[PDB]
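Undergrad: Provided hereafter are the protein sequence and its experimental coordinates.
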Amino acid sequence: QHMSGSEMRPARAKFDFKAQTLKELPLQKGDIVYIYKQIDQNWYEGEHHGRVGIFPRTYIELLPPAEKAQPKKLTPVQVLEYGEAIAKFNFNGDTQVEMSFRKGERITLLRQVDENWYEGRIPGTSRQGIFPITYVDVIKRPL
């Protein structure tokens, strides 16, 4: 609400730095530090090993780049699957709203118009149309 206290950023120590004063704290190559406040353009301040001090920004890397694609693991939720179906009988429509298919093509279930009618499309979205359920066979209902 106040809009103050920006979040710190993870910085990586490019090299090791020896503390010369109490304000300055020691840093070792590879040591990760968090910059909660920038002392100056040439000096940065952050926390390391539970300690706080200052060091030349030229010795650390502010939020280093990520070479990993970052798969973000996975989750059982936030998922979806399209339904599958196959025509039971050859079908030859004569209208744009009505598509055509043979007695062996796969169909993607989208939704049910009413009870005996539904909308579907061929994988890849090549064709789309409506037709009676009694003329198609379902393989897997949508979740």
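TA: Arrived safely, thanks for sending. Numbers count the residues shown, from 1 in each chain.

Undergrad: which parts of the helix or strand hosting residue 45 are buried?
TA: Assessed by DSSP states H and E, residue 45 sits inside strand 43-48. Going by neighbour count (16 or more other C-beta atoms under 10 Å), the buried part of strand 43-48 is 44, 45, 46, 47, 48. All C-beta atoms are positioned from the backbone trio N, CA, C, and that covers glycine.

Undergrad: would TSV of the residues you listed with distance to residue 90 be doable?
TA: Formatted as TSV, the buried residues of strand 43-48 follow (distance: C-beta to C-beta, whole Å):
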residue	distance to residue 90
44	73
45	76
46	71
47	72
48	73
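
Undergrad: just the terminal-to-terminal distance for stretch 117-132.
TA: 5 Å (C-alpha to C-alpha, to the nearest Å).

Undergrad: distance between that stretch and the chain's centre?
TA: 29 Å (C-alpha atoms, centre = their mean, to the nearest Å).

Undergrad: and if you look at stretch 94-105?
TA: Offset of stretch 94-105 from its chain centre (C-alpha atoms, centre = their mean): 36 Å.

Undergrad: for it, C-alpha coordinates in CSV please.
TA: This file holds the C-alpha atoms of stretch 94-105, laid out as CSV (Å, rounded to 0.1, in the frame of the first residue of the first chain):
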residue,chain,number,x,y,z
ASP,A,94,-23.7,-30.9,-48.4
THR,A,95,-23.4,-27.8,-46.2
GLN,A,96,-20.6,-25.7,-44.7
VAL,A,97,-22.0,-26.3,-41.2
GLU,A,98,-22.0,-30.0,-42.0
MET,A,99,-18.6,-31.7,-42.6
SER,A,100,-17.8,-35.0,-44.3
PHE,A,101,-15.9,-38.0,-43.1
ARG,A,102,-15.5,-41.7,-43.8
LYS,A,103,-16.4,-44.8,-41.7
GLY,A,104,-12.9,-44.7,-40.0
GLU,A,105,-11.8,-41.1,-39.4
